[PDB]
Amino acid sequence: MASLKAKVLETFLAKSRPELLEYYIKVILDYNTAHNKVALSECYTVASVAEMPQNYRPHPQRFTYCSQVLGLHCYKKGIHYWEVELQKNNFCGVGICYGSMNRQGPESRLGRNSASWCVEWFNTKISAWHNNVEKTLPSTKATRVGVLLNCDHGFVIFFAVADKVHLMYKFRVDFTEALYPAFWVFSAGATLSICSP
């Protein structure tokens, strides 16, 4: 149903922030996945860089190579929106990934494998990543990203969220398994906050 999928994508690309909030889902960070450099706070809604490594209990799902963390729930059907506040001028990333993504080694890095899609702030520049292919984006003064995941018609949209929403990047994928919200923090004081609007 290519025509219907294209129309739906066009509709969501043009939605305002109030309209995106109609698809809001509450995302919670999953302690079992957090790398030891990722500190969690505020009832698991805030991820920040720990200056010293923590000593989290071993778990097969825990990231051991990249300082990343996933949401608690995955999505295989429906439409989902969530927003992440970021501290400005930091190395960090917001994305989505399949549960089957590796949790160990360089293959676990968001956007550097076939199983994940993200936008990333890296050396004050903004890029979109999937399958180890980088796309440079124009800078934004927004300190908030909105992720619109449409499982039913196969796309994810990353919005820069300010007084209005602006497109950062989108991907069309016929997703093959459920998706987790995914997060990367690296620079000192980098912080990703799942907002409650």
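Just count from 1 along the sequence shown to find any residue number.
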- Quick one: higher average CA temperature factor, 34 to 42 or 55 to 63? 55 to 63
- Stretch with higher mean Cα temperature factor, 141 to 149 vs 65 to 73, is 141 to 149
- For the listed residues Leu13, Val173, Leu21, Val185, which one has the largest C-alpha B-factor as given in the deposited model? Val173
- Task: Sorting the chain's modelled residues by C-alpha B-factor, tell me whether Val8 ends up in the lowest, middle or highest third.
- Result: lowest
- Could you look up the Cα B-factor of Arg109 in the entry and say which third of the chain it sits in: lowest, middle or highest? middle
- Query: Relative to the other modelled residues in the chain, which third contains the C-alpha temperature factor of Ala50: lowest, middle or highest?
  - Reply: middle
- Item | Entry-reported Cα temperature factor of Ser193, expressed as the chain third it lands in | lowest
- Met101 CA temperature factor, ranked by third within the chain: highest
